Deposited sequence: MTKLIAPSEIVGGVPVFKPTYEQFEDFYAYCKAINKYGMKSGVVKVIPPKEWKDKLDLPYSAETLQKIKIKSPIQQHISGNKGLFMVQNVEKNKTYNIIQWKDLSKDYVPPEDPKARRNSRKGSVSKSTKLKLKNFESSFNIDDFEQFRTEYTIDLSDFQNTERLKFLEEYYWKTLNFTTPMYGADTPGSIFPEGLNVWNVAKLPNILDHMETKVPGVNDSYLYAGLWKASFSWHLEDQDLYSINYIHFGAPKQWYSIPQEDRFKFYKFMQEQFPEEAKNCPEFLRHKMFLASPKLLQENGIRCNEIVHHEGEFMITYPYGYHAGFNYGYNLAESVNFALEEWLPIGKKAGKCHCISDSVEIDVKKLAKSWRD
């Protein structure tokens, strides 16, 4: 199996025949993902058909977004650090979709099983705006400029799954323990490797795309050292401080420091796979719901 294209990041678009087996397809593809930080995998149609949309009323209901996170991001130019502070509230998908009305991208009581049944036509967001490359570019530029002006909110690490219970192909929830990611515009994930240096799949079920950045394994030593130049204090005692604190570095910056930085856009109905020793970070282009798990190939 070869890659179909590159955005700096390999893009694989296999037939259902090869995509069929998750551990075989990941075993045959590991060499590419072990060079670049991440890898995109666009699934065949025979896969999509296996999905049940719109999600049943109950499914849309089981979605609980507990302890939302608000991020105060402090920094000047390409160098920022976030401090997560939790809200004790918990949201449902409808409240979340509503909440996203306060987190708009720049231009240029009690609920009932009936409410979610009504919501089966209202759960998605318009996407004819994220097709424009210049639009995405514009947003990303605004994102980095205005990082420290607003505090974004992220419904991250919320246990659950909206994959079909009987889906036995590439089902994040059940692999041979998954979490949902309720995204809002400007919600960010800082630079990091996975716990115990595992892999991870990330599939967007619906909503706005994500911006991804990764460090080619080759340059992870340059990267780690540079991030020591910066944030000298945080680096002092702690050897694994990138796993401790939340730092944000822009590609443009890293690039102009000898550090290669991959970048790609992650759309709904697509998988991102991160690999051991592949640093990654980014943000969400708006309201969305994703699902992910850490895993190993041995």
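Trainee: Note down, first to last, the deposited-sequence stretches for which the model contains no C-alpha atom.
Mentor: Missing CA coords at 1 to 5, 114 to 137, 206 to 219, 342 to 373.
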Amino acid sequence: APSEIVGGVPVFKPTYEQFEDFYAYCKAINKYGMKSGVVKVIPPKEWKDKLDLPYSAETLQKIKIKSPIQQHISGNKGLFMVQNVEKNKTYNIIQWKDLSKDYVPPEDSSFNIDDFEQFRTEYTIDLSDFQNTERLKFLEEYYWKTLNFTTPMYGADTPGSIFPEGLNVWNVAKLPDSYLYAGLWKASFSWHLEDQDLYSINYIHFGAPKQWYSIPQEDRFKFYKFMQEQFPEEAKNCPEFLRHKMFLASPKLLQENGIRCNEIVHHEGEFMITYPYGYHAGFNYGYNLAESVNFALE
From here on, numbers count along this sequence of modelled residues.
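Trainee: Please compare 111 to 119 with 135 to 143 and name the stretch with the higher mean C-alpha B-factor in the deposited structure.
Mentor: Looking at the record's C-alpha B-factors, the answer is 111 to 119.
Trainee: Please compare 8 to 16 with 280 to 288 and name the stretch with the higher mean C-alpha B-factor in the deposited structure.
Mentor: If you average the C-alpha B-factors of 8 to 16 and of 280 to 288, the larger mean comes out for 8 to 16.
Trainee: In this PDB entry, which of 186, 77, 205, 222 has the top CA B-factor?
Mentor: So the option with the highest C-alpha B-factor is 77.
Trainee: Reading the B-factor column of the entry, which of 216, 155, 166, 152 has the highest value at its C-alpha atom?
Mentor: The record points to 166.
Trainee: Against its chain's modelled residues, does residue 265's Cα B factor rank lowest, middle or highest third?
Mentor: It belongs to the lowest third of the chain when residues are ordered by C-alpha B-factor.
Trainee: Among the chain's modelled residues, which third holds the C-alpha B-factor of residue 296?
Mentor: For residue 296, the deposited C-alpha B-factor lands in the middle third.
Trainee: Taking only the Cα B-factors deposited for this chain, tell me whether residue 22 sits in the lowest, middle or highest third.
Mentor: Middle third of the chain for residue 22's C-alpha B-factor.
Trainee: Please place residue 271 in the lowest, middle or highest third of its chain by C-alpha B factor as given in the entry.
Mentor: Lowest third of the chain for residue 271's C-alpha B-factor.
Trainee: Classify residue 95 as lowest, middle or highest third according to the C-alpha B-factor given in the PDB entry, relative to its own chain.
Mentor: For residue 95, whose C-alpha B-factor we compare with every modelled residue in the chain, the answer is the lowest third.
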